[PDB]
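Notes follow the structure.
Values quoted throughout were computed directly from the atomic coordinates according to the rules given, and no laboratory measurement underlies them. Don't worry about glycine lacking a Cβ; one is built from the backbone with ideal geometry, like all the others, and counts go over all protein chains shown.
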Amino acid sequence: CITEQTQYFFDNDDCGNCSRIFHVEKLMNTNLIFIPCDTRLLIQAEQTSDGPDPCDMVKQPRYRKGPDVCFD
Amino acid sequence: XXXXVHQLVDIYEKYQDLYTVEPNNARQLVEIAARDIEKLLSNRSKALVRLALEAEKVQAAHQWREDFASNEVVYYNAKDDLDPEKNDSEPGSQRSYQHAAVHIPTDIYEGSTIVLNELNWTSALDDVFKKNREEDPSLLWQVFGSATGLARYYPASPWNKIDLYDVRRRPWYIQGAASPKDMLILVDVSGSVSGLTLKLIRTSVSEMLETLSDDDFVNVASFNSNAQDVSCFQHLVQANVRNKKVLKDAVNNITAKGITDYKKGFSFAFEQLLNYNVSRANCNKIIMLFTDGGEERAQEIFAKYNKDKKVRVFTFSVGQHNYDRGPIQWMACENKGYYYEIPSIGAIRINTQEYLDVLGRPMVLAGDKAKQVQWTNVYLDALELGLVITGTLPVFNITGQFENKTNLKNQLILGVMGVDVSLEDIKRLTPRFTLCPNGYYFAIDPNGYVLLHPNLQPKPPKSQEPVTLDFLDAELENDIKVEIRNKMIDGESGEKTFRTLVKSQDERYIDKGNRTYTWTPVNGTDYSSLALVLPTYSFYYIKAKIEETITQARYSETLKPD
């Protein structure tokens, strides 16, 4: 704590870095590591989206005989 | 030799007295391994073709006469064995080589005109040629999946635990029927459903999204007296893990409250379905009402937004109630779409039963040249084995609504067997056409959402898979590296390669350095092979040959025996 205060000054002078792991004991544990220890898990959801998805294949959907079998 | 210091240098001097190998072509390693995988996938694809060409025939001539009772199959073969691919093959007939296992849904009963009738023609020829496919080792788990019962080749023994396991639900099979799917749910939260059918419907979405493909966009349009969405407003690609969890837990709180706008929900339903701005993933465009029973037609909006009929409607009346099925039954039939109910907790099998097959219609039609193998994302085997990709193909009827979906298990273990690990000593990584690789950057557990210790008090429903992962999250972000995965995810670029100086996570504290690394798209089906490399060089020392003095060092190993 106070040692983490001296560490806080050490940060002012190293590398606080959140690093999620989705693995571990089931839960999505976050991991700070500096260049203090594994804790629980949280957060994502996001607002801005990214990482382009793709497909560009098949996607058959056009038809010429959708039988009105319906149900029943 | 890192910290081994100058004393280690003499070993290099001894290596100067000895031999090496160097090599490490990097690029060619990638080309070769990718091509090799192409060769495996080709062998097993061609193998997959056989079940198409053959099961199409017997089914065409299965006669399907009832009567039965006499000789089918029957009894229960039991020949013990144990070997590679784990598991001691021995006894396997709920109804290597030696006969074949035939799984059934635990609720489905081996006592029907339909069941046994399948059971005849399926094994009756499948056994032979699949065994012919065993002539070419080593098919890890050839598997057939029909409308109900599994056909496992060779007698791995099925199976106080309850086997709730089905096949219609199990994802590889879901992939084998109609892809992809633009999905837009409309729960009817109208102050009308009780908390009862609300619980049911809650469970219903809760599972259906799991039933839903793990590469298809989805929302949840709650509506009554007003339309509204659970927060996101874009949808989704789905990490499956996180996204579906968000939406699901959001469903967990869904109190009924308010009068039925009906049309207004539809008004956004087509609209939220409409859009155009990014993502979306164009294809089939369908919405799903789960409701007590509509009070009106809404043909007005339909003609207002649909006539191309690319829209579909799956309406799911649930529970008991008493409201007429009419306006609903009118609707799905009105618009191409197949209405059907979930009275209680028949929810499992009913969900799958036509959620896919009704979408199978186009595939039944002009689809035929489309029967290219459709590979799946990584997931754990129902039997202990470890995670295993499974290539599927559809098989058609003769005049009807599609037969059944065969597949091959492929151990990612032997996928790694093609993945050499000796010229180097850091990491491979093989990102999928979207999320995930099979990269040796992680182990073997089902990801999981966030937290939650279950309330111990009520507890006196066991693993679901797939192990979906971001490439981005599997390993440290670099923007530039994000450029790279967003480059490869399109698959466009080939040999394009460069270092990114970067800090790298290890056990529990990070390093830093350059890593020039090769990668290529597979020439065949999507994917992309990759080879991250400690830009240390690109070589790998070895040694050869002869016994003699090397045999004497082998004698030093003999000294090493004790």
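Under a plain spin-label model, where a point goes 7 Å from the Cα along Cα-to-Cβ, how far apart in nm are B:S70 and B:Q401?
Those two pseudo-labels are separated by 3.3 nm.
Dipole of the protein assembly as shown, Cα-centred, from +1 at each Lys and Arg C-beta and -1 at each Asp and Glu C-beta, to the nearest 20 debye?
Details: 71 positive and 87 negative charges, 348 e Å.
So the magnitude is around 1680 debye.
Per the helix-only calculation at 222 nm, which mean residue ellipticity applies to chain B, given -39500 (n - 2.57) for every DSSP H run of n ≥ 4 and division by its residues, nearest 500 deg cm²/dmol?
On the way: 15 runs with 170 residues, N = 562.
Helices in chain B give a 222 nm mean residue ellipticity of -9000 deg cm²/dmol.
Take every residue in peptide B:334-340, count the Cβ atoms of other chains within 10 Å of its Cβ, and give the average of those counts.
Details: counts 2, 0, 5, 3, 3, 3, 3.
Mean shielding by partner chains, rounded to a whole number: 3.
Could you give the length gained on full extension between B:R325 and B:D368, defined as 0.36 nm per residue of separation minus the Cα-Cα distance, in nm? Intermediate values should be presented prior to the final figure.
Details: separation 43, 0.36 × 43 = 15.48 nm, distance 3.57 nm.
Once the chain is fully extended between B:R325 and B:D368, it gains 11.9 nm.
State the antiparallel share, in %, of DSSP beta bridges confined to the protein assembly as shown, rounding to the nearest 5.
On the way: 32 of 51 bridges.
So the antiparallel bridges in the protein assembly as shown amount to around 65 percent.
Return the distance in nm (one decimal) between the two label points of a simple spin-label model at A:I43 and B:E354, each offset 7 Å from Cα along Cα→Cβ.
4.7
Using R₀ = 41 Å, calculate the FRET efficiency as 1/(1 + (r/R₀)^6) where r is the Cβ-Cβ separation of B:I542 and A:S19; round to 0.05.
On the way: r = 36 Å, r/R0 = 0.88.
The formula returns an efficiency of 0.70 here.
Given the C-alpha centroids of the range B:316-370 and the range A:7-72, what is the distance between them in whole angstrom?
Taking the Cα centre of the range A:7-72 as reference, the centre of the range B:316-370 is 31 Å away.
What shape does the range B:115-246 have by the C-alpha gyration tensor, where a ≥ b ≥ c are the square roots of the eigenvalues, rounded means a/c under 1.5, and otherwise prolate means a/b greater than b/c and oblate the rest?
Numbers: a/c = 3.05, a/b = 2.23, b/c = 1.37.
Prolate is the answer for the range B:115-246, as a/c is 1.5 or above and a/b outweighs b/c.
I need the calculated FRET efficiency for the pair B:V128 and B:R35, taking r as the beta carbon distance and R₀ as 35 Å, to the nearest 0.05.
Details: r = 32 Å, r/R0 = 0.91.
Once rounded, the FRET efficiency stands at 0.65.
Beta carbons within 10 angstrom, averaged per residue: use that to sort the peptides B:300-312, B:235-247, highest first. Write down the numbers at each step before the final one.
On the way: B:300-312: 15.1, B:235-247: 21.8.
Packing order, densest peptide first, comes out as B:235-247, B:300-312.
In terms of the Cα gyration tensor, with a ≥ b ≥ c the square roots of its eigenvalues, is the range B:222-325 rounded because a/c is under 1.5, prolate because a/b exceeds b/c, or oblate?
Working: a/c = 1.78, a/b = 1.13, b/c = 1.57.
Verdict is oblate for the range B:222-325.
What number, in percent, do you get for the relative contact order of the range B:278-359 if the mean sequence gap of Cα pairs under 8 Å and at least 6 apart is divided by its residue count?
Contact order relative to length: 29 percent.
Assigning unit charges at the beta carbon (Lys, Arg +1; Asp, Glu -1) and nothing else, what dipole magnitude in debye, to the nearest 20, does the range B:399-469 show about its Cα centre? Could the numbers behind the result be given before it?
On the way: 7 positive and 6 negative charges, 55 e Å.
Rounded to the nearest 20 debye, it is 260 debye.
Of all DSSP beta bridges located in the range B:145-258, what percent are antiparallel, nearest 5?
Values: 4 of 9 bridges.
Restricted to the range B:145-258, the bridges split so that about 45 percent are antiparallel.
Can you compute the FRET efficiency between B:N277 and B:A61 using 1/(1 + (r/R0)^6), with r the Cβ-Cβ distance and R0 = 51 Å? Round to the nearest 0.05. Mind dumping the intermediate values first?
Details: r = 52 Å, r/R0 = 1.02.
So the FRET efficiency works out to roughly 0.45.
Rounded to the nearest 5, what is the percent of antiparallel bridges among the DSSP beta bridges in chain B?
Values: 32 of 51 bridges.
Percent antiparallel among DSSP bridges in chain B is about 65.
Could you check the simple spin-label distance between B:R50 and B:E483, using points 7 Å along Cα→Cβ, in nm with one decimal?
Placing both labels 7 Å beyond Cα along the Cβ direction yields 4.9 nm.
Using a 10 Å cut-off around each Cβ of peptide A:14-23, what is the average number of partner chain Cβ atoms that fall inside?
Details: counts 0, 4, 0, 4, 0, 6, 1, 4, 16, 11.
If you average over the peptide's residues, the count of other-chain Cβ atoms is 5.
Give me D for the protein assembly as shown in µm² s⁻¹, whole number, from Stokes-Einstein with Rh from the Kirkwood sum over alpha-carbon pairs, 37 °C and 0.692 mPa s.
Working: Rh = 27.8 Å.
For these conditions, the coefficient is 118 µm²/s.
Rounding to the nearest 20 debye, state how big the charge dipole of chain B is about its Cα centre with +1 on each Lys and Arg Cβ and -1 on each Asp and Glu Cβ.
Working: 64 positive and 75 negative charges, 290 e Å.
The dipole magnitude comes to about 1400 debye.
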